[PDB]
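A short write-up of the structure that comes next.
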Amino acid sequence: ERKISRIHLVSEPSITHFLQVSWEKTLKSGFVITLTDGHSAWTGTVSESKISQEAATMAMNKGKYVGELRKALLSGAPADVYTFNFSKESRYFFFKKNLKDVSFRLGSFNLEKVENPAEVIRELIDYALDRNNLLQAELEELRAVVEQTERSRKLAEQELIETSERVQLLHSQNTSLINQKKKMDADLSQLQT
Amino acid sequence: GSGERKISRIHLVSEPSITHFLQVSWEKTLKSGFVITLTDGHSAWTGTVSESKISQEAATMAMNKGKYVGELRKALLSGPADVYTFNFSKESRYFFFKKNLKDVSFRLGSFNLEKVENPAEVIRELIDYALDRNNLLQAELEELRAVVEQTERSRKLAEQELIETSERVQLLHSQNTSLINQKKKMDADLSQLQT
Amino acid sequence: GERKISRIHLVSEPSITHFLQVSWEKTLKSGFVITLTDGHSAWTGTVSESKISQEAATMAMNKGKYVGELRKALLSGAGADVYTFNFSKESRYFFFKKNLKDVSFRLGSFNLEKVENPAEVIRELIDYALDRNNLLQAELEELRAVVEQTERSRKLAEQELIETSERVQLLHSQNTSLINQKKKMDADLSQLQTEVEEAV
Amino acid sequence: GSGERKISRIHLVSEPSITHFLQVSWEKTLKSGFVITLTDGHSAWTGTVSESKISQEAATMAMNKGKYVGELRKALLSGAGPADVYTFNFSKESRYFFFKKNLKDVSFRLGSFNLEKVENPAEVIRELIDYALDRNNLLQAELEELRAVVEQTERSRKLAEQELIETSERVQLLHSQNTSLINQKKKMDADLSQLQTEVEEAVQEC
């Protein structure tokens, strides 16, 4: 599981930054958050115990806290109500939620600077290109399913009108047969004398 | 809306360790020219292949220009018949052979890519574009999963109606053969009762 | 940040559907801000904690029982088929009662002054509901992942239990046929053990 | 199945302070046509974009219609990013258009629709609020049901796994007897020749 977001930090408002969050099937089980500005990178890990501690700090249901994390760190910057800020000196990444004249902090994470930003960026670029090819193949598969279903429907429309011509040609045969059956069945009592 | 671009993974034999990325961007056709950008996560190299340059490279190989640009489309826009190489000193020439396992390789192209002085902006522009195109494909999928859902239900609508009719023809066909069997017995009894 | 929005049916204007927004702290008995709107204007007032106790003592019922009735009335539906809501648009008084058998008694009465920023309040109310939807829909993405994760573990658990049960059936029959082979080979040894001593 | 609808908050450039709300409703497929509704909390504007208008704007942009409809899905549905810039004329009460701004200062008019004021905007807002509160109940009901599926599936997982800890114990102890019986058979085979060749050595001794 992996999602790359385009966030806008208050520290450097000019340079648009990228936020890569990676976890395993559940965000409440922990995740790895990466911040990159195209040259250097900052990667930190948020454990399951840290999420429960941050949720218990501001008095919030853990299910509702992960909902806020999955809404601020994964949707991107849709949902501009979140104010992201990363201090490069202290190497801390904190974001807050803005509405109703209240800007309370929602999370405080410690992202340490990576000594191999080239590999981190190339792995990010490689994942974005792999997700691109997957969505392209799924589009070609889906387009093939549409032309097969419509083709299968058109065949089902023509087989029905042929079978409907057969259901009435055969229903008229039973009616023509049951008439002489009932006519001969009464004629069998006449020959009985 | 204008602008066309394809980003590809390339294996540079100069640096076989890492995997380089090639960003080819052009207008509407490769015949008019294209801007080719090479990056490695830290630095970036960009060159502008003019339309005249493609004509010279196609003429020096005695190859039809329409066939030559077909090979440029083949190598730079997909992703190993083609082998790529690039030198880091100053002779910044992104040249790629077409190693054809028929006999031996031969030169296919060569362009000058100068090292840009803002590689961070190039990479962000490269990453930002890749994310935007993934959202467009994801939206195109949501639009298409709704079309296939509508055609499937309309298909199964006519499918159950055909099976409903095809079941009925087999109903009054075994019933038709039943009436044939009854009139067959009444025919035999008409001859036995004739006596 | 506890807030609840619910639609109400005013008997003074029964043709339209008004909306009620109750905002309160951690506990409703401590007080709440009650907002009313009709899609154009809005009226909002404040119910202090002492106003709750004064209303509770005015009808001689326990405070906790009264705040419980406030959760049933001011929260979770209306028009609901038991509580009758009414708002005097002239007097700016929010008055609601509870219908029983043949006796309907007043449950609360609070003053709501008209707000000077009706579009801003509606703009805040819509922004909140859309924000809570994006929050609940994010919890569905998390919880659907938990279902698929638990479904996978259960499915392989039943699959493994089926194989381990089918293994004990092939194995029990294999031992059954093996005890019989052991039974017949013992009868052949005593036959050959005799022929050794008998042919001496 | 009711209808398809999405309500997103947008920030116009004619009034960047207040938060306008954008309501787009369609029937299954977006290319079939949709209805745009703009509101600020007082007045409201409603427009109707048919299937023909979508093909016309797609022919002007020279894009594939599937891409243009996909580009409309990104901007209109769930729109709150700096990629798409929205604009609307209040005094001219017409021409709601939106751009697509990316890096290197590239901008093109992605859409242009003329929506007109509503005579009764209060009823439009109440209907918008009524829908938002209905999905709030529909989502919270889907959660309570999903919470029951999680613990029920965890119940069946613990049950089959504790029955596994009993079934597996019988398999291992039954397999230990299998190998113990095969070894007795193998040794009983070897002890059958020493008796067979001994009988044969008695008849080969006259």
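Protein chains in written order, with the working numbering: chain C, 13 to 205; chain P, 111 to 305; chain Y, 13 to 212; chain R, -9 to 196. For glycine and all other residues, C-beta sits at the position ideal for the given N, C-alpha and C.
query	result
Sub-8 Å separation of residue 76 of chain R and residue 2 of chain R beta-carbons	yes
Beta-carbon proximity check, residue 70 of chain R vs residue 90 of chain R, cutoff 8 Å	no
Per-residue DSSP class, three states only, for residue 176 of chain P	helix
Sequence-distant residues of the same chain with beta carbon closer than 6 Å to residue 53 of chain Y, five excluded per side	130
Simplified DSSP assignment, three categories, for residue 63 of chain C	helix
Beta-carbon proximity check, residue 131 of chain P vs residue 16 of chain C, cutoff 8 Å	no
N- and C-terminal bounds of the beta strand (DSSP E) containing residue 2 of chain R	It is not in any beta strand (DSSP E) - residue 2 of chain R carries neither H nor E in the DSSP assignment.
Separation of residue 278 of chain P from residue 177 of chain C, as counted between CA atoms	12 Å
C-alpha gap between residue 155 of chain R and residue 181 of chain R, whole angstroms	39 Å
Members of the segment 229 to 248 of chain P that neighbour chain R once the beta carbon cut-off is set at 9 Å	231, 234, 235, 238, 239, 242, 245, 246, 247 and 248
Other residues of its chain near residue 54 of chain C: CB distance less than 6 Å, five sequence neighbours each side excluded	47, 123 and 125
For residue 220 of chain P, three-class secondary structure by DSSP	strand
Partners in chain C for residue 71 of chain R, counting only beta-carbon separations shorter than 8 Å	18, 88, 89, 90 and 92
Chain R contact for residue 45 of chain Y (CB, 8 Å cutoff)	no
Given 8 Å, three or more beta-carbon pairs between the segment 53 to 62 of chain R and the segment 164 to 171 of chain Y	no
CB contact check: residue 176 of chain C to chain P, cutoff 8 Å	yes
Contact the segment 198 to 205 of chain P vs the segment 159 to 179 of chain P: 3+ CB pairs below 8 Å	no
Close-in-space but distant-in-sequence residues of the same chain around residue 19 of chain C (CB under 6 Å, 5 per side omitted)	29, 31, 89 and 96
Min CB distance residue 171 of chain P to chain C below 8 Å	no
Where the alpha helix (DSSP H) containing residue 249 of chain P begins and where it ends	229 to 302
Residue 181 of chain P in three-state terms, based on DSSP	helix
Cross-strand partners of residue 159 of chain P (DSSP beta bridge)	P:144
Span of the beta strand (DSSP E), counted from its first residue to its last, around residue 29 of chain C	29 to 35
Residue 179 of chain P: contacting residues in chain R (beta-carbon distance under 9 Å)	Those within 9 Å of residue 179 of chain P in chain R number zero; the least Cβ separation is about 22 Å.
Chain-ordered neighbours of residue 156 of chain Y on chain R, where CB pairs are closer than 9 Å	136
DSSP state of residue 77 of chain R mapped onto helix, strand, coil	strand
Per DSSP, cross-strand counterpart(s) of residue 29 of chain R	R:11 and R:34
Nearest candidate by alpha-carbon position, reference residue 249 of chain P, set C:159, C:147 and C:112	C:147
CB contact check: residue 37 of chain Y to chain R, cutoff 8 Å	no
Sub-8 Å separation of residue 150 of chain R and residue 170 of chain Y beta-carbons	yes
Where residue 111 of chain C sits in the DSSP three-state scheme	strand
Helix, strand or coil at residue 38 of chain C according to DSSP, with G and I counted as helix	coil
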